[PDB]
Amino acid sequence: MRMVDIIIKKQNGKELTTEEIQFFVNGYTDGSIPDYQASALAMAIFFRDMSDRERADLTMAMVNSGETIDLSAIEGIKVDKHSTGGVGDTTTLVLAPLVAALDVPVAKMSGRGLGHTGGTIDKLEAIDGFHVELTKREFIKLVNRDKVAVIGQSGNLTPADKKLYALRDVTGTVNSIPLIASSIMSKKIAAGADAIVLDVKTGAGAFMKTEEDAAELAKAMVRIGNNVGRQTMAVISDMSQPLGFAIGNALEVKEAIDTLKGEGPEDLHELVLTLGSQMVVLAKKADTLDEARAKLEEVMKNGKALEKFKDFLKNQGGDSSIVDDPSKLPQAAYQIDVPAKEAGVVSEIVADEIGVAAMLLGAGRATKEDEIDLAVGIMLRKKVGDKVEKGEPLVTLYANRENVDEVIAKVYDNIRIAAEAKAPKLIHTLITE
């Protein structure tokens, strides 16, 4: 009735009103408005775009479509990192302890979910005894005291976004700057964050396939965050190749422990710092990025970041001695190398497919009620740019299974070697203002 007019407005490129947008969102949420109108409207948006102002109102409408987490009791400026997927991305594990060591409040809400590897709870619960068996008041007290904690995600956060994305996927309206940017910021504002850091991924193995688009989507999200009082910043990092060497769960925790001691991979280290700096700044604990970086690099060297991880673990029941002795983490039975069939420099490592290969070991959930094996995964022995002689291992598979032929195969199909090869820029672009 009124939807059809809003669609036609949108066709002509007319900037919708706050109430018009809220009518669609709530009408679509409660089942008043059917999906053929929603999809029609989604495509209309795809072509004629939305203003910075329509974005901010759409974003906020989706927040209010379901529950809103109030973290007013938690003290300080709580900054929340969002990443746009990334194979082997260990930043979340490192960042929460690292940033809390500088008295920045980290109120993590995380899950398990489906993917190449497990969620942050899955990965953390490889630390013997660790749990999220705790209330909201327990959660609030721990963040106020030790500046870090993690609970499970709530059920009903932005059910508008859930249904919209699902429609967008099956109508090809996913790739839209206003819809993506709103969809993301909505989940993070509903989750109760004050400020937000974004890790928008780019490269051959990324959702925003080009840096042109990456920087635009990121810029769109900053301006949304600023237009609703949520100071936002953004990194454009590369994901043509997996981040670090560890692709797994126990493997990635081991790698997080290394980076917490200043002993991480070149790439994971750098990204952790860049992202960490943005957070530390967003909670008024430094003036500029370099000072934050210095402070963060100090707490790596201090072992204070590392002790903040142990505190955090023992606060939630995890055996903190496992941080000191990583070999206590669940071990894989078999340890199988994948040797180069060729000499040269490693030119290409198809991130997602290496991710898939690790999933095939048991490391992630292909379906709703699959079970993760925390021990299994892939440790990269070479990165894009390293030399390699025929027979030298590119990769070591970690399995509780003798037969890994399908996995070895997927590794070879997705690691190319050439005469020369230059590793892409990891950190492309930061967006502050």
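One rule holds for the numbers: they count along the sequence shown, beginning at 1.
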Open item on the list: Highest mean C-alpha temperature factor of the two stretches 222 to 230 and 349 to 357, which is it?
Closed with: 222 to 230
- [ ] Between 237 to 245 and 321 to 329, name whichever shows the higher mean Cα B factor according to the PDB entry.
- [x] 321 to 329
Task: Criterion, highest CA B-factor; candidates, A214, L198, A363, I177 - done: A214
Task: Largest Cα B-factor, entry values, listed residues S72, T120, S83, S186 - done: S72
- [ ] Give the position of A294 by CA B-factor within its chain, expressed as the lowest, middle or highest third.
- [x] highest
- [ ] Could you say whether, by C-alpha temperature factor, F139 belongs to the lowest, middle or highest third of its chain?
- [x] middle
Task: Chain third (lowest, middle, highest) by recorded CA B-factor, residue given as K308 - done: lowest
Task: Position of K162 among the chain's modelled residues by C-alpha B-factor, lowest, middle or highest third - done: highest
Task: Assigned third (lowest, middle, highest) for the C-alpha B factor of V25 - done: middle
